[PDB]
Structure formats: C-alpha cells, structure tokens
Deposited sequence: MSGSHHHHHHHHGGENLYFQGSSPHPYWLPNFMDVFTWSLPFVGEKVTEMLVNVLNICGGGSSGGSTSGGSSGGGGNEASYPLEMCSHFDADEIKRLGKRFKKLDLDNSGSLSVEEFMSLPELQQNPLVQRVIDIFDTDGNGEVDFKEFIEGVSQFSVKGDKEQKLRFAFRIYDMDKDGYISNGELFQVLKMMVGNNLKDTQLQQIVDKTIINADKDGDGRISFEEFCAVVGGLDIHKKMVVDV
C-alpha cells in the first residue's frame, strides 16, 4: 500500500513550515536591497566576523563554524542560493542581496521565489522530480523510506504539473503554496 502524508498532504505544504523555520534560524544565528545606511553597516560588521580567513567571501567551511548551523539541514541550500555567481562561496554583495530577501517590508512574491529556489537546485526555474526528492531527503534523512518519499514526490508533482512537462514551475508551485502565507514566517530583524 502506497504511503500518504498526514491528511494526504502534498510535499510542499508538508515541508514548507520546516523550511521557513530552519532558514530563519540560520539567518538569525548568522546575525548574532531593502536596507538603509545603518542596516547595511550593521550587516558589514557581522559579515567580517564570520570571514575567518579574511578572503572576502564566506565559504561552506566558515558557515559550518557556527554550532547552531551544524545540524541545520537547509544550510547548503541557503549558501547555494546566496551564491548568485555560483563560485562556491558568498561575497558581501551576495550576502546583502541574500539577507535582503528576508527583511521586513519586503515583497511577498520574492519570499515565495526564495522558497521556490530552495527546491530548484539547478536554478533553471523548474522543480524536477530528482530535485524535489534530493532536497526533501536532506530534511527527512532516514526518517522516511526512500520508496515512501519517492511515492509522495511522484503524487505531488503529478497533481501540480498543470502543463504536463514533469516539472513544477513557479506558477504551478504558487498554485499549491499560495494559501500557506509562508512569506509571513520568512522575516528577520536587521
């Protein structure tokens, strides 16, 4: 008998509260555009304190130096999304533009665009089956069987794939997610 999520839930509605919680936790811990002069100046101080090797770019090793991020399964995705030019590390401009997506007085649509970018690994604008499984696997780990996780991934995409190309576009993702108001959870003080 195939596995169903509680209340026959789709994997987006199911994992989004954890996504919004763990991304907010990461940034709040990193901090311990839409910014004004003082808010950018505050972020420049907290950036240089985590540079460690003074290379001018936050790397994966420096991000995992904080003990609060060691067991956060969404660290690498946030680093990958911040890495706009895709060089493996995070510059200060990428740091400012990455934190700006979570500032209050930010747009709702851009906060859903970040939530979409959590699952869209290759950043082509479409969530593929392998992408959705792999990102959910980082959060689920061993707590589900791969067969169970694969089954709910299949049903979610099949029900959400409106145009029938096997992938989930941002418009299809917004049709499943829109009523969740996940943007209200993605807020960090600067």
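A.B. asks: Would you mind checking the deposited sequence against the model and listing the stretches with no C-alpha coordinates?
C.D. replies: Those stretches are 1-24, 57-86, listed in order.
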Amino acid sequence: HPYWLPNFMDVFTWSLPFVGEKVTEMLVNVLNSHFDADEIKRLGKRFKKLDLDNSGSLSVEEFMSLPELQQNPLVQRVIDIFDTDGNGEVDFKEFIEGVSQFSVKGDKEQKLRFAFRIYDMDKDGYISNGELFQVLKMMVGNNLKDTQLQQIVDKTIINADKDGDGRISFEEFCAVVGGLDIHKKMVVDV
From here on, numbers count along this sequence of modelled residues.
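A.B. asks: As stated in the PDB record, which stretch has the larger average Cα B-factor, 127-135 or 45-53?
C.D. replies: If you average the C-alpha B-factors of 127-135 and of 45-53, the larger mean comes out for 45-53.
A.B. asks: As stated in the PDB record, which stretch has the larger average Cα B-factor, 175-183 or 8-16?
C.D. replies: Taking the mean B-factor of the alpha carbons in each, 175-183 is higher.
A.B. asks: Comparing recorded Cα B-factors across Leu144, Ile40, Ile152, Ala160, which one is largest?
C.D. replies: That would be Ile40.
A.B. asks: C-alpha B factor of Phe82, ranked within the chain: lowest, middle or highest third?
C.D. replies: Middle third of the chain for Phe82's C-alpha B-factor.
A.B. asks: Looking at the temperature factor on the CA atom of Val30, which third of the chain's modelled residues does it land in?
C.D. replies: As the PDB entry reports it, the C-alpha B-factor of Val30 lands in the middle third of its chain.
A.B. asks: Where does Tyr119 sit by CA temperature factor within its chain: lowest, middle or highest third?
C.D. replies: Lowest third - that is where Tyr119 ends up once the chain's C-alpha B-factors are sorted.
A.B. asks: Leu69: which third of its chain by C-alpha temperature factor?
C.D. replies: As the PDB entry reports it, the C-alpha B-factor of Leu69 lands in the middle third of its chain.
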